[PDB]
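Asker: sequence first, structure after, both from an experimental entry:
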Amino acid sequence: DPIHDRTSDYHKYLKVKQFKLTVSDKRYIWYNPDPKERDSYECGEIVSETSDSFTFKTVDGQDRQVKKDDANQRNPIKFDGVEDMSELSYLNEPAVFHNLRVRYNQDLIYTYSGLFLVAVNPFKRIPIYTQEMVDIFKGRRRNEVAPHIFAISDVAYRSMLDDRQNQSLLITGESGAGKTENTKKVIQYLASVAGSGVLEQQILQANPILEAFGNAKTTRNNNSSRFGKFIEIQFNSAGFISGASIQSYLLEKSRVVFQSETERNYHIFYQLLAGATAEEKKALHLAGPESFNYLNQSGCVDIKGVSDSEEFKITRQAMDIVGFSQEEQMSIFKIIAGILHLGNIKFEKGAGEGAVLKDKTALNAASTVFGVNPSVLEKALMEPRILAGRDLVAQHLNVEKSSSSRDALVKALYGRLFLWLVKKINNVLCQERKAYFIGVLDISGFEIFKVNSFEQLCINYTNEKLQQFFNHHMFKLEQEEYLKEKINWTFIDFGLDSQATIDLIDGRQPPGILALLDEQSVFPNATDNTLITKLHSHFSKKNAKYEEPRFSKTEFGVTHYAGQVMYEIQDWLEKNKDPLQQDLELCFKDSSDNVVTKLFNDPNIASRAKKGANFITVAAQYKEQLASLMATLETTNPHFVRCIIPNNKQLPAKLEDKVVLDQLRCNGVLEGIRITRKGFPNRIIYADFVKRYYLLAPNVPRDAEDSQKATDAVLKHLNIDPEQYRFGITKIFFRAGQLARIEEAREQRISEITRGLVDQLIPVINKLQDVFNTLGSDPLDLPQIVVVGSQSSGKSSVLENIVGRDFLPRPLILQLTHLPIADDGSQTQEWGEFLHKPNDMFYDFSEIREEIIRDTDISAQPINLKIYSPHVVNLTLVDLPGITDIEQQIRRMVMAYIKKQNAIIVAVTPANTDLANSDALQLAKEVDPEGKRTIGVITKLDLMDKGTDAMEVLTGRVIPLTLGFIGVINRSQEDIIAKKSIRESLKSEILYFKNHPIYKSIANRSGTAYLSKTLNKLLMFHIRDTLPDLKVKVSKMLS
Ligand SMILES: Nc1nc2c(ncn2[C@@H]2O[C@H](COP(=O)(O)OP(=O)(O)O)[C@@H](O)[C@H]2O)c(=O)[nH]1
Ligand SMILES: Nc1ncnc2c1ncn2[C@@H]1O[C@H](COP(=O)(O)OP(=O)(O)O)[C@@H](O)[C@H]1O
Ligand SMILES: OC[C@H]1O[C@@H](O)[C@H](O)[C@@H](O)[C@@H]1O
Ligand SMILES: [Mg+2]
Ligand SMILES: [Mg+2]
């Protein structure tokens, strides 16, 4: 499997490369060293914080202060390059840009952002689109695979199948940002997983055809789409591709007759001149691009890295696959050549005012390939006839009017031809009956240029609808989540904010811009000036979205979602009417070419108003085409892809802060994860919340059975304001920022209990023991000393001797802390504390012996007792109940502790029960064969016999142990009677060993004092020894 294999291309091209921050308490923030250059950020370290402000170190070294509201906190470096950014604590501009930057530098162009897929144009070839790549994403969910256009394509496909619902992928972005390359990938993927195959190939081959006739080199993209498109991939009930349909929008017809410097005309013109055979060149009267006015004005006839000749062969091959006949292909080329020839017709002034045509070469070449009469064409261009009552009189046009008519004819022919290709492709691919479909929208985003005309208003009007569509979708998703989880919160319809701009544009009852343009377009003697005047007269100061400029008399402003746009009214009347002289329509209707004739005969192509209609303007036509696209999208489950251009130079590895940040602000990516930040943006299943924050609260198992109760426990302990959250049916919900704060607590907490893992080793292990080993088990396998012994052996006694004061009558965790002589030279009073009794202090050891008998209502849950005394050494012990009914469980409980390799065993056994067939010592020999972590404690050395001695074990020769043996004698039952305090017993024990016929030689290595010192030492070094290993565990448990 490629997904797991590190040495796989999948990990090499789609996966990010590969305890540090664990102990660290450092927190950084993004800031711009220059308050003017808001796009340039630097990372600063935080060193101070009030109740609503931050203080941090600047790269220069100076300290700065910023309020926690305007603060752009930085996410932990561990989260750099996260597949999905929606899972980040902070989503400010710099944090978002940083995550993309990190990924982009590793050639990872795809990243998620909520219901958004972000794709940053690499402007370079990246091997992640091969068949093998496609096979890897098949079936996978958007979680088990890295971000990729294939991933959302599969999710859409699976969704269509599983929900029996149509889907749509809206791929938008600035010119050259990558919309078309991604659109093709989606089609590529679909044809592969649901598709080799005649139909499949035809669907794929329709693209080169449309790009040839609809794409061109612009200053921003060598392969710019000069039309928008919606592609429907149709499937049958079984999920197999059954067809496809294509709709085209806003083809830039003016490009055919005029291109700005360095740009080109549509690819097909250069493809035809370079790739036509010698026979085709002759028949079509071709020549080099420089010989044609429509291709020799911009200064550019070729594109670097592009072979127009090779592209022509590909285009021709595609037409064969799709099914265009040979004759049809020739007719198409004749139309392209004919247009070129029309562009070469040079009108000049005649004897009078009317234009004349001196040279007929171009006119005749055109007439020949078009299959129309030259004499008729010439008269239709310079002497078109107009209706004058019950008669028909000719109108001799001057040069300017003649030239414009020729151009209008060129644009109509190209536009019609283009619609014809699309129709022919649809006839071959579309299937009137399909069970479901996945639609892909590849169209330009908002266009805000220096000069914006009628075309820009159309594309911007389209983007107001698309943006409104996305906002409403987000609203519905949010509302559906809140309802499902029964969270009482209601938002104001997000899509409502853009209704005013839309109405200002396409509003009917209250006359909108388009309605006024249409009214004015049919007005008797209307002009662009009367048009702009009507607009100002209707919206100036009357509509908040409209603006009459201070000086310009030919422009008006519209506040669009992406900002204000100024539109020039010039030629709008003419663009909305798109006139063509009737005599030119007649001339071509009499063409001898089958295709030319259809361009003028087919109503669905030749006229905007089909059979029966009265009259329709271009604006009204597009309003309807757009309304129909929206209605189709509204029957689908939408998926969104946001393409970003890295810079404005079409260069690889060159991500520019300003250019990228600008897109993220009007693209919707930033605004998106900002519109929901008013309710409860963050929501976590109770189990997952507990599994992560159980640490911030005591008595909360990482896997509590009642996840909801545990969650409440944590929230209360942290003193979280109940208004900042809500308890859903399966998840806890949080207001914006609340989850981030809790996460910060988790980070700080973790740092305060692991920093000590760098003497004071015992207190550190103690903290970890209180945080984890409290529930009952030993997760981290902490370095500890476990005391075990048989019934009536002397455990309680010795423990009491170590404590130096009686306090004993489930596992017992005794954490002793030595209290140093007070600074006053005085001796602090000894007291005890329990973990289950947070604020209680037991200065009276009497109620401690009782409190133990209290809480003991056998269990595996340990009782955490801490004792601070100036009479004890620093030491922690785990006292386990003495050893076939319930003891059967005890043996397992014991074995559970002494099994751990990080545990030291203190075997307690009396000296009046020999060694032959002992108990504890043998029980330890099971889990510790070599006896390298077991220390024996011999008691009752005074209750042996007449001459019975035990120096044979104390010297380590009977039952040898690495840690050896230590002898001790505690109070007898009769000693417990009356006074006889532990201290007095101790004073007695010393004399016993000091003045003993045999033990006197090892006196110094005997006694409670010696035992305490030794246990402290063993524990101190054992922790030191386990320190390395334990740090590996801790780090893994917190991740
Ligand atoms: N004379 C004497 N009695 C002892 C000694 N150690 C324990 N005992 C007595 O043995 C009994 C049980 O001891 P204890 O420490 O409660 O044993 P445990 O069952 O392991 O808790 C008590 O009556 C103690 O006074 C010792 O060294 N000498
Ligand atoms: N993912 C990609 N891999 C390689 N080149 C790409 C990629 N996306 C975009 N490009 C490059 O960017 C150019 C412009 O992309 P394009 O999809 O045509 O932009 P848009 O359609 O948004 O105007 C491409 O023709 C190509 O050189
Ligand atoms: O004018 C009535 C309606 O016509 C539709 O075509 C537009 O898409 C709507 O936005 C508009 O409200
Ligand atoms: Mg494109
Ligand atoms: Mg005991």
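Answerer: Perfect, I can see it now. Residues are numbered from 1 along each chain as shown. Ligands and ions are numbered 1, 2, ... in the order given.
Asker: show me the domain layout of this protein.
Answerer: Split into domains by curated CATH domains, the chain comes to 27-74, 82-263+432-446+637-668, 264-431+579-608, 451-578+613-636, 680-1039.
Asker: is ligand 2 within reach of the fourth one?
Answerer: I take that to be domain 451-578+613-636. No. If you take CB under 6 Å from any ligand atom as the test, domain 451-578+613-636 misses ligand 2, and the best it gets is 12.7 Å. Heads up, the C-betas are built off the backbone N, CA and C, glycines and all.
Asker: that domain and ligand 3 in contact?
Answerer: Yes. Interface with ligand 3: domain 451-578+613-636 contributes 502, 506, 508, 623, 627 (CB under 6 Å from any ligand atom).
Asker: pipe those into TSV and attach neighbour count and secondary structure per row.
Answerer: Formatted as TSV, the residues of domain 451-578+613-636 next to ligand 3 follow (neighbours: other CB atoms under 10 Å; DSSP: H, G, I helix; E, B strand; the rest coil):
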residue	neighbour count	secondary structure
502	18	helix
506	20	helix
508	10	coil
623	21	helix
627	12	helix
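Asker: contacts only, for residue 577.
Answerer: By CB atoms under 8 Å, 6 or more residues apart in numbering, the residues touching residue 577 are 521, 617, 618.
Asker: and if we set it to 10 Å?
Answerer: Contacts for residue 577 (CB atoms under 10 Å, 6 or more residues apart in numbering) come out as 518, 521, 522, 615, 617, 618, 619.
Asker: most neighbours, which of those?
Answerer: Top of the contacts of residue 577 by neighbour number is residue 619, holding 24 neighbours under the definition other CB atoms under 10 Å.
Asker: for the nearest residue to that residue once chain neighbours are set aside, give its distance to residue 625.
Answerer: Using CB to CB, 6 or more residues apart in numbering and skipping residues adjacent in sequence, the residue nearest residue 619 is residue 514, 4.6 Å away. As judged by CB to CB, to the nearest Å, residue 514 and residue 625 stand 13 Å apart.
Asker: mind listing the shared neighbours of these two?
Answerer: With CB under 10 Å, 6+ apart as the test, residue 514 and residue 625 both reach residue 458.
Asker: which of those two has more neighbours?
Answerer: residue 514 (23 against 16).
Asker: now do the contacts for the more buried one.
Answerer: Counting by CB under 10 Å, 6+ apart, residue 514 has contacts 457-458, 461, 504-508, 576, 617-620, 622-623.
Asker: for ligand 2, what are the nearby residues on the stretch 151-300 of the chain?
Answerer: So far as CB under 6 Å from any ligand atom goes, the stretch 151-300 of the chain lies against ligand 2 at 173, 175, 176, 177, 178, 179, 180, 181, 221, 223, 224, 225.
Asker: now restrict those residues to buried residues only.
Answerer: The neighbour count (16 or more other CB atoms under 10 Å) marks 173, 175, 176, 177, 178, 179, 180, 181, 221, 224, 225 as buried among these.
Asker: switch those over to TSV; also include secondary structure.
Answerer: Shown next, in TSV, are these (DSSP: H, G, I helix; E, B strand; the rest coil):
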residue	secondary structure
173	strand
175	coil
176	coil
177	coil
178	coil
179	helix
180	helix
181	helix
221	coil
224	strand
225	strand
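Asker: out of the residues you listed, which is nearest to residue 673?
Answerer: Distance ranking of those against residue 673, using CB to CB, places residue 173 first at 17.8 Å.
Asker: residue of the stretch 851-1000 of the chain closest to ligand 3, please.
Answerer: residue 861 (66.5 Å; CB to the nearest ligand atom).
Asker: actually, the stretch 701-850 of the chain.
Answerer: Closest point on the stretch 701-850 of the chain to ligand 3, by CB to the nearest ligand atom, is residue 736, at 32.3 Å.
Asker: residue of the stretch 251-400 of the chain nearest ligand 4, please.
Answerer: residue 252 (12.2 Å; CB to the ion).
Asker: that residue: what's it in contact with?
Answerer: Contacts of residue 252 by CB under 10 Å, 6+ apart are 214, 216, 218, 224, 225, 226, 227, 266, 411, 414, 415, 455.
Asker: let's see it at 7 Å
Answerer: Listed by CB atoms under 7 Å, 6 or more residues apart in numbering, the contact partners of residue 252 are 226, 227.
Asker: which bits of this structure sit near ligand 1?
Answerer: 789, 791-797, 882, 939-940, 942-943, 969-973, 976.
Asker: residues near the residue lying closest to residue 183 once chain neighbours are set aside, how many?
Answerer: Leaving aside its sequence neighbours, residue 183 sits nearest to residue 442 (CB to CB, 6+ apart; 4.0 Å). Counted by other CB under 10 Å, the residues lying close to residue 442 total 25.
Asker: who does residue 442 form a beta bridge with?
Answerer: Per DSSP bridges, the residues bridged to residue 442 are residue 171, residue 229.
Asker: surely it touches residue 181?
Answerer: No. Using CB atoms under 7 Å as the test, residue 442 is too far from residue 181 to be in contact (9.8 Å).
Asker: wait, residue 3 sits on residue 9?
Answerer: No. Between residue 3 and residue 9 there is no contact under CB under 7 Å: 11.3 Å.
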